[PDB]
Amino acid sequence: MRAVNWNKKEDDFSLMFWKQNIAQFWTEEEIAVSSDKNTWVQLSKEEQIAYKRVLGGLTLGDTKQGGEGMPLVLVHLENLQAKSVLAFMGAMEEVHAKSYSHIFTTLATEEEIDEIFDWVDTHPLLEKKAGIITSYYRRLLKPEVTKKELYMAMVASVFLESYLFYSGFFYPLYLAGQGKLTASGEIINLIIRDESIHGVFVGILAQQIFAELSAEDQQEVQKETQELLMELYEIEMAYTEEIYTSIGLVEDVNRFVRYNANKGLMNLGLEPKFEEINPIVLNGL
Amino acid sequence: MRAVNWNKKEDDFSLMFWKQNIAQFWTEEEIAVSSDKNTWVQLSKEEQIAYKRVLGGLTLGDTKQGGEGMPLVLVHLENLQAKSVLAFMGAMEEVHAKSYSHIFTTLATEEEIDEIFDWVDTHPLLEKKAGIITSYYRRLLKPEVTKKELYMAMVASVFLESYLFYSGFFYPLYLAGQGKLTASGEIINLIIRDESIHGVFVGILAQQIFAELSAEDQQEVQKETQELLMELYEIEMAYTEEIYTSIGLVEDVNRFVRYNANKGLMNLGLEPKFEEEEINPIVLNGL
Ligand SMILES: [Fe+2]
Ligand SMILES: [Fe+2]
Ligand SMILES: [Mn+2]
């Protein structure tokens, strides 16, 4: 039975991503959030509700990535150095999720926080979203999995990290780019800096598995990938309408979703499927 | 579908274990090992071989805890705050495994390192040891596991972290306690500081699962736990005989194993089963 030997490369990229993930390490206590109170109170009820709802959605994403996606992808990898990177990423997913609670503690009361997490748990669209993603992970709860199933779990992971999350990062970046909630915005940037290299690395692993598949299996997962992409897109369009109508940003957010879906596709080595970033969001980055 | 909410406690201990794990975070770049070359050459061939073999075994343990053990236990936990802690511990298992490679790069040539890992991979007793433990994790590869299966996987994890590893930490500690390989010894101590709180935490979770089981299931896993304990112990005594006969430490290591088995049992809330020794005083100096 093999132990991980870092003095013999198993691939050309794992050491680089290991070092980078380590270099980027951070935790919530680093960023103080209290000074955001001064711009929080200037927002409207509907804006505050939107912000709280998108942050609850982001927490759910990271909860599922740290507690389901990374563990079940990594346990079936044969490459022990890549496993190590994915284990570290999974731990950072939990740092992300905890950092949203740190923001909430400054911006909401205990009763309001419970209202957020109750709303997250019962929201039909969030349930549908996460349910579709996690169903690819649940296929991996058996002793022998096919490479098609592992490929598609990696596709689902890239789509969550690089794509389905970003309907949620839009609003924190949009406010930070206007100089509102900028401390919370520095936390979201740290998170994004992690998610970016997460999606890149899982996408590299996906392309390596893909190249081992037979031609018939390649055609089957390409079809499933394109379908999943547009299935999630449909649901996200419904989610964005529900969250952002009240504050006039539905069509901006949808443009941000399409941009990030294209990024996700490219992390997988695939061509873009939708035809620039909102300039205020760009300033928040 | 629930998201983790750290502003409402799911239990009394996960927050403090989260904070402690973060506080203790470290990586291999933080300890330079080159200065160990001076005492490395003072060792015999047989002592050097022993040291490389036990670090090979340690690397294997951490490889399996990070890549199988923590992931498959945490995926089935319902407590989301406890899941967060196990995920962070799993990542630290990978830092541990990499830190052994950092030691090897200084102490062994490229071909000597290959020999270590080939020896690790083909060793009958290490395969039997690791195979018994990972067979409890493999049971968790299905959509719905029972709490007996989950409990027994947690027992296996505590036995690996708190007990079956220490046949291996003995020799780095013993040599550090004699002034040899002390920078590698600082690394081993960092690892041990992690492993201690890992075993405590998983043991708390085990105890909580145990109290949820039916009486009939409790009786079943209580007996399996004691059988597993003594099955592993028999294998570990064969392992220690094979590793340590050449350097005359077999019975010293066995005392250390029994001491750490008792600690594992206490992490699980069980009474000790081996006679109470003092830790070897040279090992104690290495700590
Ligand atoms: Fe991520
Ligand atoms: Fe451990
Ligand atoms: Mn994430």
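Computation of the quantities below employed the complete heavy-atom set of this structure, encompassing side-chain atoms and omitting hydrogens, waters and symmetry-equivalent molecules. In listed order, ligands and their atoms are each counted from 1. Letters A, B, ... are given to chains in the order of the sequence lines, protein chains preceding strands, and every chain is numbered from 1.
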Which atom name does A:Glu195 have for its N/O/S atom nearest to the Mn ion (ligand 3)?
OE2
Could you check whether any side-chain N or O of A:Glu236 sits under 3.5 Å from a backbone N or O of A:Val257, counting only pairs where one atom can act as donor and the other as acceptor?
no
Pair A:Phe165 + A:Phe169: ring centers closer than 6.0 Å:
yes
Which atom of A:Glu93 is nearest the Mn ion (ligand 3), counting N, O or S only? It is OE1
Judged by atom type as modelled, is there a donor-acceptor pair below 3.5 Å linking the side chain of A:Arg53 to the main-chain atoms of A:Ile243?
no
Please give me the protein atoms (N, O or S only) lying under 2.8 Å from the Fe ion (ligand 2), ordered by chain and number.
B:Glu93 OE2, B:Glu161 OE1, B:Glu161 OE2, B:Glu195 OE1, B:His198 ND1
Any idea which N/O/S atom from A:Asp62 gets closest to the Mn ion (ligand 3)?
OD1
Without swapping roles, check the side chain of A:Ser99 against the backbone of A:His96 for a donor-acceptor pair under 3.5 Å.
yes
Hey, can you tell me if A:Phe170 and A:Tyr174 have their rings parallel, tilted or perpendicular (30° and 60° cut-offs)?
parallel
Whether B:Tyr239 and B:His123 hold their rings parallel, tilted or perpendicular, with breakpoints at 30° and 60°:
perpendicular
Nearest heavy atoms of B:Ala156 and B:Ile133, plus distance in Å
O-CD1, 3.8 Å
